[PDB]
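Heads up: the protein sequence lines correspond to chains A and B, in order.
Heads up: the first sequence is residues 41 to 136, going by the deposited numbering.
Heads up: the second sequence is residues 207 to 210, 217 to 274, 285 to 356, 363 to 413, 424 to 425, going by the deposited numbering.
A quick write-up on the structure given underneath.
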Amino acid sequence: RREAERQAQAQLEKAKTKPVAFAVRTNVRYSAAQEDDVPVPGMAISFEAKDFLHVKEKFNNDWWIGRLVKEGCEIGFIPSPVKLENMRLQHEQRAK
Amino acid sequence: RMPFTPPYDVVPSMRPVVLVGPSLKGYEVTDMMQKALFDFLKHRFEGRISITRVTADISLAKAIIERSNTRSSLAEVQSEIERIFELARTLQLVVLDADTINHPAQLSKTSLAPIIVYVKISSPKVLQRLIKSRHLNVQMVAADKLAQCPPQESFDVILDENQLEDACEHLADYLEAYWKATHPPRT
Ligand SMILES: [Cl-]
């Protein structure tokens, strides 16, 4: 059940006070959709190519926790490289 | 035929500020104008800033072992990159006084993702007079190469203001906005 969402939301709240572990500059875009199964719906971090993200910690194999380096942007779930690749694969399969 | 991979690059947690222009580092006109700007940052961002000299050739940063063709070794450069990353780790503003960098293309293929600040004298005639009132050709050529860069994509900030105080306030405003983006509520 959606006890899972509650735990995910708790980990996110706990990370608000954690330091930035590392930063990345993106080479691709991510435009979040409901169907990406984000640990807490509504909390995915979308971004464009060449955006900067501050990453705090790993949530699971599909999702990190961090924020877009942009005024007013808050902590949420960032897709891992594994998750980005699986979305790219899924899209290329369905477009074929 | 017709001339048409990791999703994330790891970069410093605060993008290092690098100054380029008006001409070549190592010569008086550029060294004095950049020194005034560094001086200003040290006191405007006191307690929030680290300004550090980098002498190693960080343009060199990215089965025969790759080695540098100059006095700056790839191992020394890697050590300096690591030091820059560490400086940025706690989210202080990092400013680099990077001797070897005079053109933004020099850092384009590195992992540093700098904030490139173009200190610009928009009129070449003005630059020529400044220099001669204090090697001319290499300086003019350098300033002209900067003037040829597509400005929006090459530079993060362009300081073309005649009055030092106006250039300083422009730089400060940009860095204050970056401070806010990164913190949710010559030397
Ligand atoms: Cl799809």
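The beta-carbon is built from N, C-alpha and C at its ideal position, and this holds for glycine as well.
In the DSSP assignment, find the unbroken alpha helix (DSSP H) run with residue i in it and report its ends.
i	result
A/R65	Note, A/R65: premise wrong, no alpha helix (DSSP H); beta strand (DSSP E) at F62 to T66.
B/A268	B/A268 -> no alpha helix (DSSP H), and no H or E assigned at all.
A/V109	Careful: A/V109 lies outside any alpha helix (DSSP H) and carries neither H nor E.
B/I337	Taken as a continuous stretch (DSSP letters only), B/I337 belongs to no alpha helix (DSSP H), being part of the beta strand (DSSP E) at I337 to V341.
B/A327	Element bounds for B/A327: n/a, residue is neither H nor E.
B/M368	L364 to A375
Using the Cβ count rule (16 or more neighbours within 10 Å means buried), how would you classify residue i?
i	result
B/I286	exposed
A/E132	exposed
B/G233	buried
B/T425	exposed
B/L315	buried
A/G112	exposed
B/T267	exposed
A/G106	buried
Using a Cβ cut-off of 9 Å, pull out every chain A residue sitting near residue i, in sequence order please.
i	result
B/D221	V64, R65, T66 and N67
Can you pull the chain B residues whose beta carbon is under 7 Å from the beta carbon of residue i, in chain order?
i	result
A/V60	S225 and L313
A/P121	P218, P219 and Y220
Just reading off the beta strand (DSSP E) that residue i is part of, what are its end residues?
i	result
B/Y406	Note, B/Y406: premise wrong, no beta strand (DSSP E); alpha helix (DSSP H) at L392 to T410.
B/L387	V385 to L387
A/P119	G116 to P119
B/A248	Premise fails: B/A248 lies in the alpha helix (DSSP H), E240 to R256, not in any beta strand (DSSP E).
B/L315	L315 to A320
B/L231	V229 to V232
Residue i versus chain A: which residues are under 7 Å apart at the beta carbon?
i	result
B/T410	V109
B/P234	Near B/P234 there are no residues of chain A at all, since even the closest Cβ is about 27 Å away, more than 7 Å.
On a CA-only basis, which of the options is nearest residue i? Give me that one, please.
i	options	result
B/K237	B/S225, B/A370 and B/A405	B/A370
B/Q367	B/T242, B/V229 and B/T217	B/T242
A/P59	B/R311, B/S290 and B/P224	B/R311
B/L392	B/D251, B/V229 and B/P379	B/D251
A/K90	A/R107, A/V78, A/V64 and A/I105	A/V64
So residue i contacts chain B; which residues on that side make the cut at Cβ distance below 9 Å?
i	result
A/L124	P219 and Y220
A/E114	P412
By the criterion of Cβ-Cβ separation under 8 Å, what are the contact partners of residue i in chain A?
i	result
B/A335	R65 and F92
List, in order along the chain, the chain B residues whose C-beta lies closer than 8 Å to that of residue i?
i	result
residue 15 of chain A	Outside the displayed range of chain A (41 to 136) lies residue 15 of chain A, so it cannot be described from this structure.
In chain order, each alpha helix (DSSP H) run of at least 4 residues that lies wholly inside the region 42–106 of chain A: 43–55
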